[PDB]
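Here we start with a single chain on its own, the form deposited in one PDB entry, put down as structure tokens.
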């Protein structure tokens, strides 16, 4: 089946991914395209297999966080457009042009220098650019009518750059008060009809995320950027309760019990600090997962795992590579039983939203901090591979 030295692993279900994409294609306008976002190692799911699969079932472009995340995808064989969403240093202009990665930019002075660099180095390829406008997120991008017009001018004079898009980003589209999201929208559509009254023609316009596409599908324009909804999770509990789109979660996490024993011999202290003392006939089972894997130390004396269809609790402090759980008085368990940490087993479930509520964070962070020393296995059409 699954043969490992240290027995812990992840399963990603690609039949779920393809379903999530169908649901979204069917909600937004027929005219708009889809940009699959696979940065941070596919939100901790694996970037190569998910993008391969998303391009064959509805998406047409991809988005990452850095030039290095994009080069990984070109090396796997992918030929689609790749856009970089953060800031790229001028010292990577020649390399971005060589691998044909699309860059974000928003300053007059960055534009001219990236043009002279490619002018001296012979030429070869032209570097493609998307312009970022800041309408209220306050992170990256240009902020006035007058400033934007200067950038479009410096870009149109540049013979080695090529203009293929313009976008914005909503900071509160997952919240039930829609005031600030409509603010950003008017600011944006106004900036670009100013451009029009100058006789300037526009490329691809994108602005929606998962929450915007579900909640305001009339903002879809040319393209949307689908991220968290690709992996089967909702942006907020608010957006889930709307009940407009049904998604299925793709990831789960599993291990195998490594040792079982009865605590009838003194002393009966468990794990560091001796914060837990067992009873003479309690059964303690040891498991191969720790906080260096991403299972938070905050969960000691507090969390659950699923064994044989039931929740059993964590006993003592979490350690770097191992946790102990209590099977109770006279137990019932054997070396090699399968244990579910996130996901489903028989009747029961422990979901990623539940763990994130317990730790006062969001599902976004619970998945994308799963270590890479854990091996990932993919399910497609019922069968397993890697």
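Numbering follows the first chain given and starts at 1. Take the two forms, superpose them, and find the largest set of C-alpha atoms that agree within 1.5 Å; that set is the rigid core.
K.L.:
Quick one: higher average CA temperature factor, 121-129 or 213-221?
P.N.:
For C-alpha atoms only, the mean B-factor is higher in 121-129.
K.L.:
What stretch has the higher average Cα B-factor here, 225-233 or 241-249?
P.N.:
The deposited B-factors put 241-249 ahead on the C-alpha mean.
K.L.:
Which has the highest CA B-factor per the PDB entry: 45, 39, 31, 52?
P.N.:
Top of the list by C-alpha B-factor: 31.
K.L.:
For the listed 101, 108, 85, 72, which has the peak Cα B-factor recorded in the PDB entry?
P.N.:
The listed residue with the largest C-alpha B-factor is 108.
K.L.:
Select lowest, middle or highest to describe the third in which the CA B-factor of residue 175 falls within its chain in this entry.
P.N.:
Middle third of the chain for residue 175's C-alpha B-factor.
K.L.:
Test of reading the entry: by CA B factor among the chain's modelled residues, which third contains residue 330?
P.N.:
It belongs to the highest third of the chain when residues are ordered by C-alpha B-factor.
K.L.:
In terms of the chain's CA B-factor thirds, is residue 78 lowest, middle or highest?
P.N.:
Answer is middle: the recorded C-alpha B-factor places it there.
K.L.:
Taking the entry's C-alpha B-factors for this chain, is residue 5 in the lowest, middle or highest third?
P.N.:
Its C-alpha B-factor belongs to the lowest third of this chain's values.
K.L.:
With respect to C-alpha B-factor, does residue 288 fall in the lowest, middle or highest third of the chain as deposited?
P.N.:
Lowest third - that is where residue 288 ends up once the chain's C-alpha B-factors are sorted.
Here the subject shifts to the form deposited in another entry, a form of this protein not shown in this document.
K.L.:
With the two forms fitted on the rigid core, I'd like to know which residue in 241, 79, 265, 179 is displaced by 2 angstroms or more at its CA between the shown form and the other one.
P.N.:
Everything else stays below 2 Å; the exception is 265.
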